[PDB]
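S.K.: Can you read through this structure? Questions will come right after.
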Amino acid sequence: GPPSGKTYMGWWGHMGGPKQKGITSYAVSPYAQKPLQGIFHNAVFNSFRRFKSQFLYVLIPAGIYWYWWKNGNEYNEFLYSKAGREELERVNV
Amino acid sequence: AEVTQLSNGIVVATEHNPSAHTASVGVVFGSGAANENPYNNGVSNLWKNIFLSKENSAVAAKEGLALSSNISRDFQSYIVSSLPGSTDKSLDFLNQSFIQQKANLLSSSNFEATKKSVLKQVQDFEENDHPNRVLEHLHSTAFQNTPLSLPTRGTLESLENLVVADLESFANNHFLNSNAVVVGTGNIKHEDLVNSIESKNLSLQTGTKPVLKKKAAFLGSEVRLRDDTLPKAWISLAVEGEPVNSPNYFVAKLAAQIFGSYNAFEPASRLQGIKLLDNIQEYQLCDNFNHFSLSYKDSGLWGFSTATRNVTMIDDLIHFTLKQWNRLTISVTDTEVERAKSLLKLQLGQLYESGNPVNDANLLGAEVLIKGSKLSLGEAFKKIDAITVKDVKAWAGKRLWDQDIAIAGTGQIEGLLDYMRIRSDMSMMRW
């Protein structure tokens, strides 16, 4: 077969990053480690650290769109009651 | 081989050979690199180069004497060679540098010249000798935080803190009469060595070596030293093996002879009766490999080393080798065991019967320190001849089938995969 256009990823041995020199890494077998030692401190302390960093980007847009829907729902309930009958005739013209 | 303890507690061992034209006399101690801590690592390598310094070698050369020294993980040796008939001259030289006078070698002018020479050797070893520094990193990751992980040359960071008071402290704890064996090989007979030692009365104080707290233990782990500016990839891989004085000592040596050594550029090494060579010669997966079985006082290592330039097919070379190790448990044949019996008797016949009395003095003294005697070559040949196919399958099912490994590598090792895909090749999923 013929070759194709150039890419930005390669394969094992020629993946295509910069040259590496001076970094050393260490690991330990999973059979030599004690099982599930992150069931307590990661679930309480670390998940609380991830929650409160990102909760103002979500709950300030969520409170804007919930306040808007709640006033539009309460104004439609007033327009179709008995007390809101002369306002219904003038917002329908 | 004759062993004899004297009246003052000195052990003398001798292997006489009347058809040799030289003689060697020396002292072997039973402490090596595995008797140090991470702070004084390298004091044995410094004591070797103090013995081989220029002012010491010039005194011996005027008498016709040559000096040798060897540092290992379990022992050290200091050997003097001469002509057969100058053996009392080499005993007087060995007396005046270990017993009666040792403060003239540790002068400040001689110590600083020696220390900068050793610092140049370790720096040259770390940047140029790639198959040998990968095997030293395999010892430090398999036996980590245990005495058997320290390198025998020392490290560059530990050698620059050593002073002359560190060498005197190591000699006072380890160069003792209860830790030593006096050896003799070549054209020297046992009774003239004993009568020459007994003529000098030799007080020789009664200390005892310090005992270690930690026992050596194996751990499955890995270490990667990636360097993309190097032309090859060098890899070593091993499981836990047999110590000295094991009942399976020769069975582990025969299993490594089944897979053996290889050189891709020699025409006769491509014709060997090894089934691994059918897989790796089709696409030329490597340049060379060799299988080892290293044994120490506490534990051991069993595995192989390799070097290659086919850096995009590293995962096929590891996969094909580990699938051949699986066959020792299930389907090893009878012709492979009979071929490895004959090649193992040739291999250790060339080790124990070379013509060098310095090589024989190292092998003899290291064995009397552990066992108290030396096994003959005729009795080792009968143990090899009594190994069956059931002995190999029983050993490999305990040591190799579904076991933890230790890996070390340097160079262009991007194509070497994770730990867990190499670990899963230690069983077959078939059985």
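S.K.: Which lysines, if any, have their Cα less than 28 Å from the Cα of A:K82, not counting same-chain residues under 8 positions apart?
M.R.: Excluding near neighbours in sequence, the set is A:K70.
S.K.: Filter B:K275/B:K393; B:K54/B:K214; B:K62/B:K209; B:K102/B:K189; B:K253/B:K374 down to the pairs with a C-alpha to C-alpha distance above 27 Å, please.
M.R.: B:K54/B:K214; B:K62/B:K209; B:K102/B:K189
S.K.: In a Gaussian network model over chain A where Cα atoms closer than 10 Å are linked, find which of A:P35, A:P61, A:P18 has the largest mean-square fluctuation.
M.R.: Among A:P35, A:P61, A:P18, the largest mean-square fluctuation in the Gaussian network model of chain A belongs to A:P18.
S.K.: Another one. Please report Rg (one decimal) and Dmax (integer) in Å for the Cα set of chain A.
M.R.: 30.5, 82
S.K.: Counting only residues 5 or more places away or on other chains, whose amide H sits under 5 Å from the amide H of B:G415 once H atoms are built in the peptide plane?
M.R.: So B:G415 has HN proximity to A:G13.
S.K.: Taking the Cα atoms only, what angle lies between the long axis of helix A:56-79 and the longest principal axis of chain A, rounded to 10 degrees?
M.R.: That works out to roughly 20 degrees.
S.K.: Something else: Restricting to Cα pairs below 8 Å that are 6+ residues apart, what does the relative contact order work out to for chain B? Please round to a whole percent.
M.R.: 22
S.K.: Pairs to check: A:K34/B:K390; B:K215/B:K398; B:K232/B:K323. Give those whose C-alpha atoms are more than 30 Å from each other in this structure.
M.R.: Violating the 30 Å limit, Cα to Cα: A:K34/B:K390.
S.K.: Excluding same-chain residues fewer than 8 positions from B:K120, which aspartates and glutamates have a Cα within less than 12 Å of its Cα?
M.R.: Within the straight-line cut-off, B:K120 pairs with B:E160.
S.K.: Arranged by the count of other C-beta atoms within 10 angstrom, fewest first, what order do B:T141, B:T388, B:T185 take?
M.R.: B:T388, B:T141, B:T185
S.K.: So which DSSP H runs in chain B come out at 27 Å plus along the axis (Cα) with average Kyte-Doolittle of at least 1.6?
M.R.: Span-like helices in chain B: none at all.
S.K.: How long, wide and thick is segment B:8-54, going by the Cα atoms along their three principal axes, in whole angstroms, largest first?
M.R.: Result, largest extent first: 46, 32, 20 Å.
S.K.: List the GluC sites (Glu not before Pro) within segment B:308-392 that fall in a DSSP loop (any state other than H, G, I, E or B) and whose Cβ has at most 12 other Cβ atoms within 10 Å.
M.R.: The qualifying sites are B:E353.
S.K.: Specify whether the C-alpha gyration tensor of segment B:155-306 places it in the rounded, prolate or oblate class, a ≥ b ≥ c being the square roots of the eigenvalues: rounded for a/c under 1.5, otherwise prolate if a/b is larger than b/c and oblate if not.
M.R.: Judged from the Cα gyration tensor, segment B:155-306 comes out prolate (a/c at least 1.5, a/b above b/c).
S.K.: Mind checking segment A:30-75 for trypsin sites (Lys or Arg not before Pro) that DSSP puts in a loop (not H, G, I, E or B) and that have at most 12 other Cβ atoms within 10 Å?
M.R.: Answer by residue number: A:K52.
S.K.: Something else now. Under 19 Å from the Cα of B:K213, which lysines turn up, not counting those fewer than eight places away in the same chain?
M.R.: B:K297
S.K.: Also: Select from B:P210, B:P357, B:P38 the residue whose mean-square fluctuation is largest in a Gaussian network model of chain B (Cα-Cα springs shorter than 10 Å).
M.R.: B:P210
S.K.: Inverting the mean 1/r over all pairs of different Cα atoms, compute the Kirkwood radius of segment B:1-202 and quote it in Å.
M.R.: 18.3
S.K.: With N set to the residue count of the protein assembly as shown, report its C-alpha Rg divided by 2.2 N^0.38 Å to two decimal places.
M.R.: 1.40
S.K.: Using only Cα atoms, what Kirkwood radius does chain B have, in angstroms?
M.R.: 23.8
S.K.: To continue, here is another question. For segment B:21-37, in order, what is each residue's ³J(HN,Hα) by Karplus, 6.51 cos²θ - 1.76 cosθ + 1.60 with θ = phi - 60°, in whole Hz (x at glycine and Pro)?
M.R.: 9, 9, 9, 10, 10, x, 10, 10, 9, x, 10, x, 6, 8, 10, 10, 10
S.K.: Could you tell me what % of all Cα pairs in segment B:75-178 have separations over 22 Å?
M.R.: 51
S.K.: In a Gaussian network model over chain A where Cα atoms closer than 10 Å are linked, find which of A:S47, A:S25, A:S81 has the largest mean-square fluctuation.
M.R.: Per the Cα network of chain A with a 10 Å cutoff, A:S25 tops the list.
S.K.: Would you report the distance distribution of C-alpha pairs in segment B:276-418 as whole percents per 10 angstrom bin, up to the bin with the largest distance?
M.R.: Pair shares across the bins are 8, 29, 33, 23, 6, 0.
Readers should treat all values here as calculations from the given coordinates under stated rules, not as data from a laboratory. A quick note on method: Cβ atoms are made from the backbone with ideal geometry, for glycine too, and the neighbour counts reach across all protein chains shown.
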